[PDB]
Amino acid sequence: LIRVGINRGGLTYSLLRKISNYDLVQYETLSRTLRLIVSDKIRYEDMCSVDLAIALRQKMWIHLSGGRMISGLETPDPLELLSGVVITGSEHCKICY
Amino acid sequence: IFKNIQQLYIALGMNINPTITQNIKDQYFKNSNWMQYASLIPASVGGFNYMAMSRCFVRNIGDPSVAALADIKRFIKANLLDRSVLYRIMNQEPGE
Amino acid sequence: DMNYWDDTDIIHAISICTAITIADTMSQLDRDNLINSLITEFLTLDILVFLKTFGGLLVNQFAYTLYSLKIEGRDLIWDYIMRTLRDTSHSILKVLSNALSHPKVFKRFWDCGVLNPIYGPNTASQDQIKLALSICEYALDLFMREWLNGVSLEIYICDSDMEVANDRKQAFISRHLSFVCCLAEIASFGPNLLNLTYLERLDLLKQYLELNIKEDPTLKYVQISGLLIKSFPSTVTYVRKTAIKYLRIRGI
Amino acid sequence: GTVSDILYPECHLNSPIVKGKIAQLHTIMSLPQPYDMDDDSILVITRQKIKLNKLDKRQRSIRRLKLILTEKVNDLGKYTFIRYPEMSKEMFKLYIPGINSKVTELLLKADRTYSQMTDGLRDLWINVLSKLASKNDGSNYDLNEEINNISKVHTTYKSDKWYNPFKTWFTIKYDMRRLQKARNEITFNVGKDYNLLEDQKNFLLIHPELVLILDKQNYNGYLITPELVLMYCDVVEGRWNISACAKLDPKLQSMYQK
Ligand SMILES: [Zn+2]
């Protein structure tokens, strides 16, 4: 990028500042998130991850979506959906029963 | 997880990037459990953890957010994270 | 007087006085309270301390506006300051542009690296406002980095009258406290400072900072007591002239 | 030289290793020449450029380190320099305890932080395994060697044969990369561009163009290019990772010793 910009021009300090501050901005954003003050009115840990994703996307995209519905994205993850039973010892499947 | 923790410490204390100031460094080094949270929260919702637990079994996991929130729930059940971490993640500020 | 001074101290004094002169903070302090030949010091000052002091003065000038319009964080402060400086032209920009027009000053800032050859085709008398703006862009970031790395900032409060110097010092303390409140991202809940005097502003801001320190011992580990103030009975311009005359006497 | 804040030095080896560059480093600053080359044209060119005072800026910066070398090390003529391939046995295990006192504390902090979560990790994996394959009759998942080994990952990594060479090489690479990046970025005062570290047993000189290592117990010298620094560093890091991870996994414990 620097070589081609030297060859052609168009680069400026205020453009590469964004690249040079990237990691620091990431750390600052995480630190801003980590010291937030929250209440326990909503028990998010008792919800399904699909519902959590839907609620999070509704919250973070509010300045564009408003109250409208975003569809076609959420799918279940394998480790939460599945329940494996190893049948042995002449006993019926507990989930099937 | 161990290598992620080591790399976070290296990037925050022994790297040639001059933009990393001192307030960020000691804020992460002195606030309790902050390095653990940074290394353990999934990257899709803010953290630096890039390995989903279901990735150890399948290559395609679907969309990253659902896997990240399922992993956060599993962490809460295993006492690796507190519920307040989930609440903060749910109530973080949006971008533009 | 300055007989005990060494070369490094007099050079630092020259650079600090040049920074104080370029950005007319002294008249700003006076309104809070209700020289064409500039080449030789620019050829005989220290670039690093001058840029750091200039960034400090620039961010101190806009501190009250940054407090009134609730802006938090280094990135947003830099963005707003540069946007205001680019849109509404100042007189300090004109002074800096006139100073940088000289070929030797341009060569110095070119060899130091602030005037990057890549970022645009610029020579002596080619452009002035763009060069001043680039200098300001680098100075702001440099000062922010130094302040966050726990480096003290030192300025000179010079006036013939003692009480006037003390009042100027108090106004500067008030602006610096407001800037520290903005940089700590705790300025959203601050008390309103509209249509109010500087003494009560300082008292209220100090009380608010003390309360926040009481909440958490470190306010996100942001430095506070980095100000180092030296006061002289003579004026700033006289101090700069006196320092440069001793520098001439010692034969550089 | 270009100046920008986005230009970083290389962190890993991406180019080949050329004998000509090392031989030229030997012949620029006047030292005995250990290499014999199939085509020594670069040596002839460098010697003629030396004779006619036609060295480049970087070449002159490399050349003027000989003055520092003669000033510091008094008995310089009785050291023997060793070629690249022959010195790999000593470079692969290089320990300088004096210089690696900065990475040690960071890694200790990392070990402490990891150690404060092994119980949670064990419980997490136990829950996942019990939910994914539940057997009605016993099959207690706790007494699994793979799960039990979670609580000793940091201990196995730390108590490893390749830990100290890795620390030393990482420190060396960090210093050299810091100098190389210091070339590109904005600077206000010009000073020494090298880094000298003196020990009772080792002598280490780091320059953006070279690394010189002298051991005085047996009077041997090693002059290496920045490419060799990255090569040695990531080779030793790979050996460290392989050894630790093979030690942890029960299926590879034989491959550890092998
Ligand atoms: Zn069944």
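Just the heavy atoms: all of them, side chains too, but no hydrogens, waters or symmetry mates, feed the values below. The chains referred to below are lettered A, B, ... by the order of the sequence lines, with proteins before strands, and numbering in each begins at 1. First listed ligand is number 1; within each ligand, the first listed atom is number 1.
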Only distances under 3.5 Å count here; give the side-chain donor-acceptor pairs of residues 163-175 of chain D to other protein atoms, sequence neighbours excluded, each with its distance to 0.1 Å.
residue, atom, partner, partner atom, Å
D/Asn164, OD1, D/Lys167, NZ, 3.2
D/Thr168, OG1, D/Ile96, N, 3.1
D/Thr168, OG1, D/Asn100, ND2, 3.3
D/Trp169, NE1, D/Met91, O, 2.9
D/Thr171, OG1, D/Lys167, O, 2.9
D/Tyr174, OH, D/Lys102, NZ, 3.4

Counting only pairs under 3.5 Å, give me each side-chain donor-acceptor contact of residues 47-57 of chain B, with atom names and distances, residues two or more places apart or in other chains.
none

Output a table of donor-acceptor pairs, distance under 3.5 Å, between side-chain atoms of residues 82-97 of chain A and any protein atom two or more places apart or on a different chain; print 'none' if there are none.
none

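The tally of protein N/O/S atoms under 2.8 Å from the Zn ion (ligand 1) stands at 2.
Side chain to side chain, A/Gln58 and A/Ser65 fail the donor-acceptor criterion of an N or O pair below 3.5 Å.
Aromatic pair C/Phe189/C/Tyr208: ring centres not closer than 6.0 Å. Ring to ring, D/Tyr157 and D/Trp240 are close: their centroids are under 6.0 angstrom apart.
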